[PDB]
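Counting in the entry's author numbering, the sequence shown runs from 27 upward without gaps.
What follows is a short report on a single structure.
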Amino acid sequence: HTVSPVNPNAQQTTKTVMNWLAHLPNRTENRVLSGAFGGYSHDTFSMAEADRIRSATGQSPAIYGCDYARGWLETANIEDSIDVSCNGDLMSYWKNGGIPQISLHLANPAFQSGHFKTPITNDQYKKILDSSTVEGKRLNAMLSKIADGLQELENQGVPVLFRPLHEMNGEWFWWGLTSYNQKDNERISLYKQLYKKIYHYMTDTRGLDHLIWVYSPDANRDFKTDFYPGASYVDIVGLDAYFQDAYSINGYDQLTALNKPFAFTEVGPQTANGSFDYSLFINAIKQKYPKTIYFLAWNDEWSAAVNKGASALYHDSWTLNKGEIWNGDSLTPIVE
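See below:
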């Protein structure tokens, strides 16, 4: 069975990587890509996180993340919150045997700038969806700058795990729910519209053919599947999971049931307690979440490098690290 990107015009390299990723759970080893968040572009992004993991374990994460959007900033123009200077490092990461991932802590276009965690009403959200309003124009200004950055990677044929509008079932980001675990049918509909608006802007308006689209609800809130925009807009489903108990993460059954590859799209300790153990997380994957194709641990205090079990995580027979995607000029096996 071949798994093809949802974008019908995806570049060959992106098609190959998507099919390869989807088949990882058929392997007996090297079946879960490691990953780490590298930081926010021109703010905290650097190679330090990758280098610390390598110093701690001898291995580097297969996936390296950057976030273009510093959505807390109050800026003259809303799009000033976007910075794409991490691109060079992302392209180099691909060249050197890993895969880049981009997320977006978008500023809130209901406001002049910033306000990324300020909740908005459905009436405000409707304005954001309408390209003719000041709110819609602010959204499109951000999307345009993001797309300019993404184009740089496309020009070198670099596939990107693109994970927009994450944790939408949470109540913290402007694009999500407004109250804790409170179903709002209109908000769910509007979210799907917003995700599709970004999909169409990137794919059709901007012709971006190197993107693999990731849908990532939070594990610690309800409604993991209600926000799913549909099979034609999503390549990979996953959970952002911050926890103490690796074995009690909710949502894996619901998301794998959508018949898309599944990942732990963010992971880390819920609290800095000295109790968190990444060796237990990989064990939980083997026992509880075997269809997992990758994890992306956050940086700073959430980092694999500074938490217990880093070596066991990175050396587990299941873990696939930087340099293990390609075997020189050949691709490592696609198992059916």
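We put the beta carbon where it would ideally sit given N, CA and C, even for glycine.
CB-CB under 7 Å to residue i, same chain, minus the five flanking residues each way: which ones, in chain order?
i: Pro287; result: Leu47, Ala48, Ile262, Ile319
i: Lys317; result: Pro51, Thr282, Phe288
i: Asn276; result: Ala245
i: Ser72; result: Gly64, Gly65
i: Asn113; result: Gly175, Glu178, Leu179
Specify the secondary structure class of residue i as computed by DSSP and reduced to three states.
i: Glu197; result: coil
i: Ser170; result: helix
i: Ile104; result: helix
i: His226; result: helix
i: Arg96; result: strand
i: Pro295; result: strand
i: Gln208; result: coil
i: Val186; result: strand
i: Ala272; result: coil
i: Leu203; result: coil
i: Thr159; result: coil
i: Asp266; result: strand
i: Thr358; result: coil
i: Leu234; result: coil
i: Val29; result: coil
i: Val332; result: helix
i: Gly91; result: strand
Specify, as a first and last residue, the run of the beta strand (DSSP E) that residue i falls within.
i: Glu350; result: Where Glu350 is concerned, there is no enclosing beta strand (DSSP E), given that its DSSP letter is neither H nor E.
i: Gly61; result: 61 to 66
i: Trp324; result: It is not in any beta strand (DSSP E) - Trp324 carries neither H nor E in the DSSP assignment.
i: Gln127; result: 125 to 131
i: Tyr241; result: 237 to 241
Just curious, the alpha helix (DSSP H) that residue i is in, first and last residue?
i: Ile311; result: 304 to 314
i: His341; result: 336 to 341
i: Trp120; result: 113 to 121
i: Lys153; result: 148 to 155
i: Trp46; result: 38 to 48
i: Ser81; result: 74 to 83
i: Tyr259; result: That residue, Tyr259, is in no alpha helix (DSSP H); it is neither H nor E in DSSP.
i: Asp252; result: Unbroken run through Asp252: none, as it is neither H nor E.
i: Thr282; result: 278 to 282
Assuming contact is defined by CB atoms lying nearer than 8 Å, are residue i and residue j in contact in what I supplied?
i: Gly202; j: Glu193; result: yes
i: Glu75; j: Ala62; result: yes
i: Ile128; j: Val184; result: no
i: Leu322; j: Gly162; result: no
i: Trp200; j: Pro126; result: no
i: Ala167; j: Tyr227; result: no
i: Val293; j: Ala310; result: no
i: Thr83; j: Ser337; result: yes
i: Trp239; j: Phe290; result: no
i: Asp109; j: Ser170; result: no
i: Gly123; j: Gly354; result: no
i: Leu234; j: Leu176; result: yes
i: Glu55; j: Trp344; result: yes
i: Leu265; j: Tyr304; result: no
i: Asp69; j: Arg96; result: yes
i: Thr40; j: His236; result: yes
Give every residue of the same chain whose Cβ lies closer than 8 Å to the Cβ of residue i, excluding the five residues on either side of it in the sequence, and list them in chain order.
i: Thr101; result: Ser107, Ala133, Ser139, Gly140
i: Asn45; result: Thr28, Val29, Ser30, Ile360
i: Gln150; result: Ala136, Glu161
i: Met117; result: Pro126, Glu178, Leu179, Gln182, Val184
i: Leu99; result: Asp106, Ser107, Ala133, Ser139, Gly140
i: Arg57; result: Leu50, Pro51, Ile319, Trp344, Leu346
i: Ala298; result: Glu327
Give the single residue among the options whose Cα lies nearest to the Cα of residue i.
i: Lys250; options: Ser111, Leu165, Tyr217, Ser67; result: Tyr217
i: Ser301; options: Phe71, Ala95, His68, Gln270; result: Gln270
i: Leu346; options: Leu59, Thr229, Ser157; result: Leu59
i: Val32; options: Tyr206, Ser258, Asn353, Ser72; result: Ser258
i: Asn35; options: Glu327, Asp77, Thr229, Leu265; result: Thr229
i: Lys222; options: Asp248, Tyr241, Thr204; result: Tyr241
i: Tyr206; options: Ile214, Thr54, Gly196; result: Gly196
i: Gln313; options: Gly335, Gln296, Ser274, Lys334; result: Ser274
i: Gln280; options: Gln208, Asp342, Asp248; result: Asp248
Leaving out five residues before and five after residue i in sequence, what residues of the same chain have Cβ atoms less than 6 Å from its Cβ?
i: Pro190; result: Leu130, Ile224
i: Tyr278; result: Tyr315
i: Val43; result: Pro185
i: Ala331; result: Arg78, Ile79, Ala82
i: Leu165; result: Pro135, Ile154
i: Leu306; result: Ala272
i: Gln85; result: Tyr340, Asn347
For residue i, would you say it is in contact with chain D, using Cβ-to-Cβ distances shorter than 8 Å as the test?
i: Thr42; result: Any reference to chain D falls outside this structure, which holds one protein chain only.
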